[PDB]
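What follows is each chain in one-letter form.
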Amino acid sequence: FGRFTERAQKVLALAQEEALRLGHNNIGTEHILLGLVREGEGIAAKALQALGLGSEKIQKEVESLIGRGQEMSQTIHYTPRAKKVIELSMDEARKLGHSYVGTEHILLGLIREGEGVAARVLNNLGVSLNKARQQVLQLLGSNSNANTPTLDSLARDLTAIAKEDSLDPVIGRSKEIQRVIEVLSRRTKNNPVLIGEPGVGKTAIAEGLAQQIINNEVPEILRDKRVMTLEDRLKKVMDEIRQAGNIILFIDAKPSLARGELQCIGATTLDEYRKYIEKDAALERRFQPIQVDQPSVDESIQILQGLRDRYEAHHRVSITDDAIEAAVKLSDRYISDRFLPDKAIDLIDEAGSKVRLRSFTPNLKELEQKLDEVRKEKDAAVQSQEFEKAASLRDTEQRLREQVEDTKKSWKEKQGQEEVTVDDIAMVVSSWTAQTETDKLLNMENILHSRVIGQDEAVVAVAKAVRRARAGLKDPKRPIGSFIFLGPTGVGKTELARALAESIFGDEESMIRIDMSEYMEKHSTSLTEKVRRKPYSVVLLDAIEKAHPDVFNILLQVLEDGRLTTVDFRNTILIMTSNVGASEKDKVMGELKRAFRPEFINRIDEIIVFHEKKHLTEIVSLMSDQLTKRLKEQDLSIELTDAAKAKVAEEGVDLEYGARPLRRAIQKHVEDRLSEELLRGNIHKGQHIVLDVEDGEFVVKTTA
Amino acid sequence: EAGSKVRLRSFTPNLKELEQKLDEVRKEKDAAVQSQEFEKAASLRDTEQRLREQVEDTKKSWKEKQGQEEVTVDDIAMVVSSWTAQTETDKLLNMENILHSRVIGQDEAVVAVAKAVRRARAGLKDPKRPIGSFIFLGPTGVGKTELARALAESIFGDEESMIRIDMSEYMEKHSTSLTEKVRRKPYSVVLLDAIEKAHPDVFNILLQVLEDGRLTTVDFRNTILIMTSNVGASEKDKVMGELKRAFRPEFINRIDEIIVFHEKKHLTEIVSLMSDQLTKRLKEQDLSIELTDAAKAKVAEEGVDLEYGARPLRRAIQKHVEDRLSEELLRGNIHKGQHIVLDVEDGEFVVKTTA
Amino acid sequence: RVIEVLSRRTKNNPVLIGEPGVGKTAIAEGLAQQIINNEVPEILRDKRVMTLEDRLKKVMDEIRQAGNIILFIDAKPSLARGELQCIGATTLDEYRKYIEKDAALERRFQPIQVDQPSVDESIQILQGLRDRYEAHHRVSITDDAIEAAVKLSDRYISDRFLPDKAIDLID
């Protein structure tokens, strides 16, 4: 039912050897017992030799209670009892740290489930059940002043605990450690408080002192000193200390107070510590702080490999190195709202399962269903008996049994296909957040062009700017891009912002949009919510000419630092629109310098200017397509001929109003008309409906 | 802070490596011993202790790092600077040289401030009053603020130790300050922009600051107060006139000093400064870039228009350099960690490689 | 999405937010079934789902002392301490009012968006427990009737989750 020693495995199959040597048909607990004393060398075997139970004495009792011997041997199986007995030895070893079952555990497992034939062999051979579990025990085993009290667990001894050679690496935070020691010597602000964003690292700093005092370089009196860890036992143990003082306490979460000794290292948060020194002033006194910088990126990497081995526990890692490289780097800059050693680890785990998960996900379900009723059909008849009329049905259930197996044991065909390398690691991430990823970049223009018509002047400026920042050149703390979009309305200002979101951030809808009409007065308090919500989004502020010059002091701070105080923009693409040019490239850039404070205009990455028939009709088509899709959902199939989109487009030529009119004119010439046409009974819906122009007039046609 | 720290610089040669070595040994010895390989250890053991005594001999050679490791001042002044004399008075004697490297034109102003600070900072002015009380007159974007920064940087150590209020905010009988930011950093250039706007109430307060360098109960004796204004602007004599008429005299008279704020090759000198800040921050990301003088020229072309000045250069650098290098690295034309030069060819930008 | 948030080490413990509404509690019975037979990491096999004053730290001590446990709530926090591992069901906002507590919140526990079921999905839920509302004497059936219970609710009033509404009409 798993994997044991040879000795186990041999003793088990050895039960079968005995299954047959007597001719019986099911191997019960009595055979497992013969199995043990008959491999004569297992600890299990050894024990029995103690109680006075050779193979001779036993098999005589057993044959004296079963004997021959239907040679049937029709491919036998277990007793349900003995199957329990096996399930048990597995547990009689969890209960011993024995990572693998063996001859003893099976003997242990038999006693535990004493109801059965083995048990009686012995209660018959005058060998009560406990005298027996004893003998096995006495053949296996194991592996201090005030520590008495302390040494509950509460709260395990970092020191002697890592004196036993038993300690690993450990990677720091190497200068994080030593600052725990300037403080842990003083006589002033004596007891050090470990403040840093939670984790991991933190617990690792104290596992440091531990490592340091012991092997061995340290100073201002600190040798033979333990570091210990983790209400009706309270100050109890704490007195074993006011009477012997080789001990630092490591805390997690309170002060029963410096009534004297008490050396402790502080587990607390940026702010949580200000939940001590305010009520004061044991803080500015005893307790005293120090911060956990996020461990070195490269140090970050060789931290996992240490616990790589130990998560190998779920099946894939160890490896790949190329797999970890991911986890760590992704986090440091790509969200990017934790601490540089904790994050990475978490990611693995998503995948530190997500792969054994995806592993145990063919169409081989329905046989189970078939199989089910057969057994069922079998049962009903046997209690009706009707044997043959069923035994049919058993010979028949069983054909299907060994059937499914050879596609479930054919699923160690699936162990093989999952192996460690980045393959498994990064797919993990496709959730938590390269050829056709830089191709989006090199080919951005091609890409933005298929959505934004006309406006090549603008697209190429943005393409290149994004590509600049996105390639390493611009400072990362500042947004990806800061632009101002000048030009008339309904030209593509917003439309480009969408296409940017879609191409750059993945979703035509990952776009925050404020209307600065709302912020014209000294009430200019932003936005920061929506940016905390999605910190990866085109941030579009429409018509900034309206904002109170206050606002600019804020945006200015964003442009400079890409941060507010305390939101983050380093991942946004800020786009601010305006009518400042409008009426009107030189006369324009002029009205701009006169409308906006220069300090501001100068911190903007780029000023984009938005200036054909063929573009109108390209738009009409975009719009028309959004429509024909949302109708297909309502079982309506429509199509506009290129001739028809032309005729709609005619309705946005007048330079004065631009391309606004098109949405309305589409609903009028298409929506309104199709309704009136469906209602009047001319188009039997769910046929195919085309809108065309005939003699310069709109016409509706059908072609199912 | 120092009462362990030095006992520590004790506990920090690259003989970290020896022990590293000795390890591999035990194993061979040990693991060998499990295989035996006996005399294959005898000498192996011996090879071991050869090492060990060598180690311990140089591990106790650092009793010398003991006989070496003090106290004097320099230890402290560290501690201090990490909480916020020749090249400290040299900052003073040579202040002008120093302010000049940050503030361009404006020598009229710099020398006035240099000398004033140097007066107060030398024992002559009364210590309870700010280090310096100035008014900066002149047009916008000339260097008013810029000098205040450079002062902070040179005098107080940090181009950013500077409080800055906007007196637009204090035009009404609600004139209740500021004192927080000054309690926060009591050593900082305090810059009040456009004082022409303040309610004459405010002046009664500032006045108290100028006189006593104290409010009631904050302290300014360590600030450098600088107040700007457009009072001259439109317009040295016609100006000092519009000033006497705009500000109560009691006030103007307690101010240490009234300060007045009055090429292609400079643009490209700027482009280069900027470009250098960049090429450094990329070297960190294993990116080696260089602009030819020909290229910085072509960027500079983009800040000639007298109207907008030299603002455009930062953006145009990211566009013609950053954006382009990305697009160029991504398209796979520049195998990063080779040497990358940006040059102009036929009046157009070109990228070249020379590992 | 629960089992990721549960197979981790970082955000150990999951928390479902949506109108309350979508009988969030329904998703939880989900694990029981899959942890058993059996599609789930060997990282979680052999565990147990469960739900819910003087009986204080008593039984909770009698559990940290037994790691094989996952828990369900809708309302305390000795968080992260033991293997004390939760699954939380709490309103759109109420959670706002707990990570607002922070920051063992934003840490240990961690959320996923519960959907107001696809309208058709609604219908199927009804039938599965149709045979079980035969208790009040009139069902099973009629299908044609169920579709209404559901359908009218999504568009017509219009003040709940699309699976609670239905069953309420039915009852």
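Data block above holds the structure.
## Re the overall build of chain C
A tally of helices and strands in chain C yields eight helices and five strands. Ordered by position from the N terminus, the helices and strands of chain C form the series α-β-α-β-α-β-β-α-α-β-α-α-α. Principal axes of the C-alpha set define a box for chain C whose edges measure 50 × 35 × 35 Å.

## Quick look at the overall build of chain B
Counting its secondary structure elements, chain B contains 16 helices and eight strands. For chain B, the C-alpha radius of gyration of 31 Å lies well beyond 20 Å, the compact-globule estimate for 355 residues. Judged by the C-alpha coordinates and their principal axes, chain B covers about 105 × 65 × 40 Å.

## Observations concerning the packing of helix α25 (residues 456-469) of chain A against helix α16 (residues 313-330) of chain B
Interaxial distance between α25(A) and α16(B) falls to 6 Å at its minimum, and their mutual angle equals 75 degrees. Judged by the inter-axis angle, α25(A) sits roughly perpendicular to α16(B). Residue-level inspection shows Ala463(A), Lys464(A), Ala465(A), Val466(A), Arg467(A), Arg468(A) and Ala469(A) of α25(A) in contact with α16(B), the latter providing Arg315(B), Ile317(B), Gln318(B), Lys319(B), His320(B), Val321(B), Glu322(B), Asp323(B), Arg324(B), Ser326(B) and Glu327(B).

## As for the interface of chain A and chain C
Facing 19 residues of chain A, the contacting portion of chain C comprises 13 residues. Among the secondary structure elements, those contributing two or more residues to the side of chain A that touches chain C are α15 (297-311) and α17 (342-359) of chain A. Per-element tally for the side of chain A that touches chain C: the top contributor is α17(A), with nine residues.

## Notes on the interface of chain A and chain B
With 36 residues of chain A in contact, the opposing surface of chain B contributes 28 residues. Broken down by secondary-structure element, the contributors of at least two residues to the side of chain A that touches chain B are α11 (175-183), α23 (435-442), α25 and α29 (586-595) of chain A. The element contributing the most residues to the side of chain A that touches chain B is α25(A), with seven residues. Of the residues assigned to the side of chain A that touches chain B, the class counts are 15 nonpolar, six polar and 15 charged.

## Thoughts on the pattern of salt bridges
All chains considered together, the criterion is met by 84 salt bridges over all chains. Across the pair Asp219(B) and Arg214(B) runs a salt bridge, and its minimum N-O distance is 4.0 Å. Salt bridges sharing partners connect three or more residues here, namely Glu445(A), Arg467(A), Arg324(B), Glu327(B), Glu328(B) and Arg331(B).

## Comments concerning a nonpolar patch on the surface
On the surface, a cluster of nonpolar side chains totalling about 210 Å² of accessible area is made up of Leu65(A), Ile66(A) and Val117(A). Tracing the sequence through the fold places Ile66(A) in the loop between α4 (55-63) and β2 (77-78).

## Concerning the nonpolar core
All names here are of chain A. Within the largest apolar cluster, 34 residues are counted, with the highest numbers of intra-cluster contacts made by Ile 58, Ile 106 and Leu 107. Listed by contribution, the elements that provide at least two residues to this core are α1 (6-21), α2 (29-38), α3 (43-51), α4, α5 (80-94), α6 (103-112) and α7 (117-124). Not counting chain neighbours up to four residues away, the residues in contact with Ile 58 comprise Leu 33, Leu 34, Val 37, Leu 48, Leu 53, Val 121 and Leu 125.

## Some thoughts on the side chain of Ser122(C)
Mapped onto the secondary structure, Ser122(C) falls in helix α6 (residues 119-128). Sequence-distant contacts of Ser122(C), defined by excluding residues within four places in its chain, comprise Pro117(C), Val150(C), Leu162(C) and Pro163(C).

## Concerning the packing of aromatic side chains
Going through the model one piece at a time under the given rule, you end up with eleven aromatic pairs over all chains. With a centroid separation of 6.1 Å and an interplanar angle of 40 degrees, the aromatic rings of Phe483(A) and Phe485(A) are classed as tilted. These aromatic residues form a ring-pair network of at least three members: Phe483(A), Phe485(A) and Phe610(A). Positioned over the ring face of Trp432(A) is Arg8(C), at 4.9 Å from the centre of the ring.

## Observations regarding α15(A)
All names here are of chain A. Over its 15 residues, α15 extends 21 Å from the first C-alpha to the last, a length consistent with the 21 Å expected when each residue adds 1.5 Å. When the local axis directions of α15 are compared, the greatest deviation, roughly 25 degrees, occurs at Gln 305. Within α15, burial applies to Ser 300, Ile 301, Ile 303, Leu 304, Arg 308 and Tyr 311. Structurally, α15 contributes buried residues whose contacts are with α16 (321-333) and α17.

## Notes on the sheet that holds strand β11 (residues 573-578) of chain A
Residues and elements named next belong to chain A. Taken in spatial order, the five strands of this open sheet run β9-β10-β11-β8-β12, and their pairing is parallel. A strand with exactly one partner marks an edge of an open sheet, and here the two such strands are β9 (511-515) and β12 (606-609). Here the average twist between neighbouring strands, direction ignored, is 20 degrees. Of the pairings in the sheet, the one linking strand β8 (residues 481-486) to β11 comprises six bridges and is parallel in character. If you follow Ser 482 over to β11, its bridge partner there is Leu 574.

## Some words on the arrangement of the chains
Contacts are most numerous between chains A and B, taken over all two pairs of chains that touch. Chain C makes no contact with chain B, the minimum C-alpha separation between the two being 28 Å.

## Examining a positive patch on the surface
Side chains of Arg233(A), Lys236(A), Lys254(A), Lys57(C), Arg64(C) and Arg81(C) sit close together on the surface and give a patch of like positive charge. Locating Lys57(C) in the fold gives a position in helix α3 (residues 56-64). The class for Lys57(C) is partly exposed, based on a relative accessible area of 49%.

## Remarks on the packing of α6(C) against helix α7 (residues 143-155) of chain C
Residues and elements named next belong to chain C. Axis separation between α6 and α7 bottoms out at 9 Å; the angle between their running directions is 135 degrees. By the angle class used here, α6 and α7 are oblique. For the pair α6 and α7, the sense of crossing is right-handed. Counted together, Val 119, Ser 122, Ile 123, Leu 126 and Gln 127 of α6 and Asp 143, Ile 146, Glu 147, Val 150 and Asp 154 of α7 form the full contact between these two elements.

## Topic: the environment of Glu250(B)
With respect to the helices and strands, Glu250(B) occurs in helix α13 (residues 249-252). Among the polar contacts listed, one links the side chain of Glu250(B) to the side chain of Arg248(B), at a separation of 3.1 Å.

Conventions we followed
- Residues numbered from 1 in each chain as written, not as in the entry; some residues may be left out.
- Chains lettered and ligands numbered in written order.
- Part of a larger assembly, values for the part shown.
- Heavy atoms only, no water.
- Residues with missing side-chain atoms left out of burial classes, pairs and counts.
- Helix = DSSP H or I, 4+ residues; strand = E, 2+ residues; numbered from the N terminus.
- Rg over C-alpha atoms; globule rule 2.2 N^0.38 Å.
- Axes fitted to C-alpha atoms, helices over the stretch in contact; angles between N-to-C directions.
- Parallel < 35°, antiparallel > 145°, perpendicular 65-115°, else oblique.
- Contact = heavy atoms within 4.5 Å.
- Nonpolar A, V, L, I, M, F, W, Y, C, P; charged D, E, K, R; others polar.
- Salt bridge = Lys/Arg side-chain N within 4 Å of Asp/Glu carboxyl O.
- Patch = residues over 30% accessible without salt bridge, like charges linked within 9 Å, V, L, I, M, F, W, Y side chains within 5 Å.
- Areas by Shrake-Rupley, 256 points an atom, 1.4 Å probe, with all protein chains shown as cover.
- Core = buried A, V, L, I, M, F, W, Y, C linked by side-chain atoms within 4.5 Å.
- Buried < 20%, exposed > 50% of the residue type's maximum accessible area, 1.4 Å probe, protein only.
- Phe/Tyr/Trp six-rings, centres within 6.5 Å; stacked < 30°, edge-to-face > 60°.
- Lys NZ or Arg CZ within 6 Å of the ring centre and 35° of its normal.
- Expected span 1.5 Å × (residues − 1).
- Bend = angle between axes of the 7 residues up to and from the residue.
- Pairing = 2+ DSSP bridges.
- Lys, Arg positive; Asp, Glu negative; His and termini not counted.
- Charge placed at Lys NZ, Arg CZ, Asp CG, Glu CD.
- Left-handed = near helix turned anticlockwise from the far one by under 90°.
- Polar contact = N/O pair within 3.5 Å; in protein donor to acceptor, adjacent residues only side chain to side chain.

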